[PDB]
Every structure is written in structure tokens, then in C-alpha cells.
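One chain follows as C-alpha cells, the form deposited in one PDB entry.
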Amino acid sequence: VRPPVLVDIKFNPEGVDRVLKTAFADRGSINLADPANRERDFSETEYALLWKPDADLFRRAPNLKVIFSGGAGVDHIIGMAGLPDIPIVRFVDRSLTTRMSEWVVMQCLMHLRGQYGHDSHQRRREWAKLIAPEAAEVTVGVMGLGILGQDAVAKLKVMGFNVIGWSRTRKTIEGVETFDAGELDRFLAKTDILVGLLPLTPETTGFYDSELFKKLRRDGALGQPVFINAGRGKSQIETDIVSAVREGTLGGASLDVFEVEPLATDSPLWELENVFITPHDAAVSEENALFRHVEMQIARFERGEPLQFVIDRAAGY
């Protein structure tokens, strides 16, 4: 009899409870949301599935072997005190990845094609042909070449965009020019549409700012460069996005993530011209997908196979 899995996910409690009924069927779960677990013995607990966990969890469960992230980032856990020196496994999923690419490609196309202008004219019953360059005349610069960035690059290339990439260590992608950390300025100067798919770390906090927007390509086929972010909202300075759009440094933006969520009702971003807002719904983590992932990684671990998608603890993602 294997011990039950500890689950402390601070989102959608009724959904977590329901979906747990059919999860971990060989061992069960300990849902930290249940008041009946306030005094529970976690000394045998091997695996913990955590999203914004209680600060004292590691004192209560000192013999954990693996922590599984309960969402698609680890910024919710990576900085907390007393985080044990054991593997932390990211949540990744094929359906999530392909849905991020749908969003990224759609946003890039809407900027390329002038969706804002088309919509504005449509609402006013105005027939107004727009000029748009073909995708090959426009360079999309993808920042982050991980699971999401690699998929987005491939699909943007199929749609015809010129695509370049930037990541901390240069990533080899056949047929795509790729740049490493220190080449940021060179990469920005080549980029017409910036696509942000970075994790949140100290290095990427407040990273998309005024100075960065002013380094994007100014003489490209869209006229003015565009900023897209679906990584983490705390990576951008929203007041600088607003200023950049107003001043013509940016021609537009698409944002799925915000410094504070939900985005404040009074944010200037809602009504800014050529800006598309989605309410952090580009590619959400879902409970069944999460539990299948964790179950699979436990099955691997219990065969003595390596855990997959283990974060780089020193790098923080």
C-alpha cells in the first residue's frame, strides 16, 4: 500500500475535490483544503502536488521525495523559505502547448492583418480595405525557447513569418536564427513582433520596459513594432506599455498576463488602440491534465526511471 499524495492547490477548491475522486486510484490523496486534514500525519508522504502551498508544509511533511508543481509555472513556490532540496517537477502538457501556439499565432496574425482596424470599421458599418504585408516580410522574435516557445516558433514559420529566437543559452533550431542572453540588443533590433514566453524569475521581473521597447525594430514592415506577452505579467511594466503605445514606440500589443490579475478595471490597457487583452486564458492548467501528468511521473519514478521536466533549481525555472 503506497501512501496517499499530498494535494495543496489554492485554486478552484470544489473542482479539485471533484476531480480528485478519480485520481491517484492506487493510493488516494490528502487534500489540504479539507478541515479533516488539519492534524493529519504526513510522515509517510512521498509526493506533494502544490500550488501556492502553505508556508509550513515542509515542516509537516519532512520526508517528501518529489514536489510537483500544480500549475504551469513554478514562480509560486521557487522563492519560499524552507523549500526542500528534492526534485521539483513542472506541469507540462501537450494540449496546453498546442493551445498556447493557437493564441500566439492568432495574435501575430491579428497584428499582421489589421484586426483592430477591421473591427473598428465593421462596428461603424465602414467598408475600408487595409494593406498588410505578407508574413514573410515580418520578423517575429520569440523570447523563451522552451516547450512553448519552440512550438510557437515552428507554427509561426509554417504560417510564413520570418522567426528568430532568444533564450538564456542559445538553442539550436534548424532554420531559425537564435541568440543567447547577451545578444538581447541585437535580437531586439531585428524584431518586429516580440513574443514573450519567459518564466518569471528575478532576472525576468520588470524586464519588458520602456528601454526594451525602444530597442525593437523601428523601420519594419508593420511600421511600428508590437509587444506580445503570454508568459508572466510581472515580467512587464504596464505603465511603460501604455506610454510606448501612446508615443508610437509600439504600434500595438497583445497581453494575456498582467502585473496584477484580474487586470484593474481602470487600467488604460483596456481601451488602448491596437491592444488585445485576454484574461489569462491563453493556455490554462486544468485538473485532469495535471493529475494525469503527476500520476505518470510517479509511475516513472517508482520504476526507477527519471522524472521529466525537473526544474533547474539554481536557475529558478
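Just so we're on the same page, rigid core means the largest C-alpha set that superposes within 1.5 Å between forms. We number the residues from 1 along the sequence you see.
Below, we refer to the form deposited in another entry, which is not included among the displayed structures.
Mobile residue between this form and the one not shown, C-alpha criterion 2 Å or more, rigid core, from 291, 258, 276, 58 = Spelled out, the residue whose C-alpha shifts by 2 Å or more is 58.
query = C-alpha of residue 248: shift of 2 angstroms or more between this form and the one not shown, rigid core aligned?
reply = False for residue 248: its C-alpha shift is below 2 Å.
CA of residue 267, rigid core aligned, shift of 2 Å or more between this form and the one not shown = Not so; residue 267 is displaced by less than 2 Å.
request  = Spell out whether the Cα of residue 12 moves at least 2 Å between this form and the one not shown when the two forms are superposed on their rigid core.
outcome  = Yes; residue 12 is a residue whose C-alpha shifts (by 2 Å or more) between this form and the one not shown when the cores are overlaid.
inquiry  = Given that the shift is 3 Å or more, do the Cα atoms of residue 285 and residue 259 end up closer or farther apart in the other entry than in this form?
reply    = So the answer is farther.
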